[PDB]
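Undergrad: experimental structure and sequence below, a few questions after.
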Amino acid sequence: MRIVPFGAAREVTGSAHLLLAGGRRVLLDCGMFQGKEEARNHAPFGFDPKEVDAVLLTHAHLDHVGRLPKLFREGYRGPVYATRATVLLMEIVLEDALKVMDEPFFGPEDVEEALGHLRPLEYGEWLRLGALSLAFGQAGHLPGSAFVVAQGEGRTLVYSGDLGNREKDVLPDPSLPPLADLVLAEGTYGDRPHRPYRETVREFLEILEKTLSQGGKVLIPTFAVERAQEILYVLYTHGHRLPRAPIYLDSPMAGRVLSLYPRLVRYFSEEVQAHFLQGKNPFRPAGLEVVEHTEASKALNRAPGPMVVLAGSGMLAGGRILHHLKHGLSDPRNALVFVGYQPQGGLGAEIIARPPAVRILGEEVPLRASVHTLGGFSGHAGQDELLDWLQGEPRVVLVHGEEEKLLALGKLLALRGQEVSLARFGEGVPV
Ligand SMILES: [Zn+2]
Ligand SMILES: [Zn+2]
């Protein structure tokens with residue numbers, strides 16, 4: 001068989017990998033490009049959508065799944081397999097991008113068309129494409145996230161998909177992959193491990209007990225998919241020693257995603273499933289609110305008292321979070337907490353640098369609130385974890401991640417006796 005990198009090549013967005021084997025052609029993920037690499041969603045996949053036999057989707061994030069509708073707009077009518085959890089989130093994931101997105105490739109008819117071909121495939125459930133044999137394995141990066149195990153023609157291939165951070169408590173641990181002739185694996189964080197989870201939560205709680213006791217605000221830029229609810233989970237557990245204060249989840253989609261969590265209980269960790277059994281939703285702490293429109297959202301900019309805000313655009317420069325950042329942040333009683341590493345070159349990194357003042361929404365805002373950064377609350381497996389997962393696997397082709405980082409992981413794998421390479425766009429790899 002041969003697998004062909006059509007997406008996350010020396011870059012993190014665009015995940016799309018074509019598998020040519022068993023006299024068949026199956027697409028592994030079909031996501032969009034993001035940020036600066038936008039526009040390329042307008043270009044075409046170096047392959048023919050109409051010649052695809054079937055597509056398997058690992059998790060529902062926008063990369064990995066954002067171009068799928070484009071694949072249908074361009075002909076494809078075969079099935080698209082994913083787990084229920086991925087199927088359900090995906091509708092929210094797409095519908096949203098369809099709206100927010102400007103000069104949008106693909107459109108509404110495309111989304112239903114694409115959505116109409118989703119067929120449920122669960123962990124350890126084998127799909128057969130004539131001589132081809134595929135199964136999903138537990139990845140623990142999002143509810144319903146999987147890695148692909150592909151067997152056929154005496155060989156076995158494993159595409160990692162995004163691998164989760166096994167220290168956190170919400171999702172279940174990623175499973176080790178089976179011994180395979182070749183592994184297509186992600187390298188987001190191939191250059192470093194994350195700061196231990198326990199210490200991060202322990203610190204999170206200090207920043208909260210402080211800011212809140214002094215009547216301050218705790219702004220938390222976060223992603224609306226798994227990230228926000230996970231904070232909420234941290235806030236429910238532990239919410240017995242934290243000062244009473246409203247918890248505004250100022251993001252409709254984090255809302256929609258959250259609403260969906262109870263239908264997905266089987267997709268979470270044992271700890272989490274235990275709470276659900278005991279008739280409790282651990283993703284709704286003390287006084288959670290979920291704001292719906294901007295009037296209410298801006299009223300928060302002026303309201304005082306102790307408060308905790310979770311707002312859209314995790315990597316800043318985007319959502320309601322900026323208005324929250326504009327007012328407040330100029331006040332020392334507050335505290336900004338990043339629950340994801342910020343990309344350098346973008347605001348945030350610019351804020352971490354502690355410049356006396358920052359530019360937000362065309363204004364010059366005095367930076368006086370305390371700023372804290374908590375990688376550790378990361379959703380991807382870190383270097384040390386990527387290493388253990390890859391363990392004893394000959395041949396590894398690194399995809400999904402900035403060149404330098406991908407390489408850093410590569411170096412270590414290489415120094416260990418593993419054959420390593422960095423997938424190139426279009427250049428298929430064998431087996
Ligand atoms: Zn992901
Ligand atoms: Zn990804």
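TA: Arrived safely, thanks for sending. Residues are numbered from 1 along each chain as shown. Ligands and ions are numbered 1, 2, ... in the order given.
Undergrad: what ranges do the strands span in the stretch 301-431 of the chain?
TA: All strands of the stretch 301-431 of the chain, identified by DSSP state E, counting those that start in this stretch, fall at 307-312, 335-338, 357-360, 363-366, 370-373, 396-399, 420-421, 429-430.
Undergrad: ligand 1 is nearest to which of those?
TA: Between ligand 1 and the strands of the stretch 301-431 of the chain, the tightest spacing by Cβ to the ion is seen for strand 396-399, at 13.1 Å. To be clear about C-beta, it is placed using only N, CA and C from the backbone, and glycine gets the same treatment.
Undergrad: centre of the chain to that closest one, how far?
TA: 19 Å (Cα atoms, centre = their mean, to the nearest Å).
Undergrad: partners of that strand in the sheet?
TA: strand 182-186 (parallel), strand 420-421 (parallel) (DSSP bridges).
Undergrad: close to ligand 1: what parts of the stretch 151-300 of the chain are there?
TA: Counting by Cβ under 5 Å from the ion, the stretch 151-300 of the chain comes close to ligand 1 at residue 162.
Undergrad: just the strands in the stretch 151-300 of the chain please.
TA: 155-159, 182-186, 217-222, 247-250.
Undergrad: tally of neighbours for residue 46?
TA: Residues near residue 46, counting by other Cβ atoms under 10 Å, number 12.
Undergrad: same question, the one 3 residues further on
TA: Counted with other Cβ under 10 Å, the burial measure for residue 49 works out to 20 neighbours.
Undergrad: do the same with residue 213
TA: Using other Cβ under 10 Å as the criterion, the residues surrounding residue 213 number 12.
Undergrad: report the contact partners of the residue nearest to it when sequence neighbours are not counted.
TA: Closest residue to residue 213 apart from its sequence neighbours, by Cβ to Cβ, 6 or more residues apart in numbering: residue 243 at 5.5 Å. Residues near residue 243 by Cβ atoms under 8 Å, 6 or more residues apart in numbering: 208, 209, 212, 213, 306.
Undergrad: list the contacts for the residue nearest the centre of the chain?
TA: With distances taken as Cα atoms, centre = their mean, residue 61 lies nearest the centre of the chain, 5.5 Å away. Residue 61 makes contact with 31, 93, 142, 162, 225 under the criterion Cβ under 8 Å, 6+ apart.
Undergrad: nearest residue to the residue of the stretch 51-200 of the chain found nearest ligand 2 in space, please, no chain neighbours.
TA: At 4.2 Å from ligand 2, residue 162 is the closest residue in the stretch 51-200 of the chain, using Cβ to the ion. Leaving aside its sequence neighbours, residue 162 sits nearest to residue 141 (Cβ to Cβ, 6+ apart; 4.6 Å).
Undergrad: for the one you found, the count of nearby residues, please.
TA: Neighbour tally, residue 141, other Cβ under 10 Å: 26.
Undergrad: also residue 307?
TA: Residue 307 has 21 neighbouring residues, counting by other Cβ under 10 Å.
Undergrad: and what of residue 426?
TA: Residue 426, neighbours per other Cβ under 10 Å, totals 12.
Undergrad: distance of it relative to residue 7?
TA: Distance, residue 426 to residue 7, by Cβ to Cβ, to the nearest Å: 11 Å.
Undergrad: just send the strands of the stretch 301-431 of the chain back as JSON lines, with distance to residue 412 too.
TA: Shown next, in JSON lines, are those (distance: least, Cβ to Cβ, whole Å):
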{"stretch": "strand 307-312", "distance to residue 412": "36"}
{"stretch": "strand 335-338", "distance to residue 412": "27"}
{"stretch": "strand 357-360", "distance to residue 412": "37"}
{"stretch": "strand 363-366", "distance to residue 412": "42"}
{"stretch": "strand 370-373", "distance to residue 412": "25"}
{"stretch": "strand 396-399", "distance to residue 412": "11"}
{"stretch": "strand 420-421", "distance to residue 412": "9"}
{"stretch": "strand 429-430", "distance to residue 412": "20"}
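Undergrad: need those in TSV (columns: distance to ligand 2).
TA: Converted to TSV, those look like this (distance: least, Cβ to the ion, whole Å):
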stretch	distance to ligand 2
strand 307-312	19
strand 335-338	19
strand 357-360	28
strand 363-366	32
strand 370-373	21
strand 396-399	10
strand 420-421	20
strand 429-430	19
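Undergrad: mind checking the SS state of the residue nearest to the centre of the chain?
TA: coil (DSSP: H, G, I helix; E, B strand; the rest coil).
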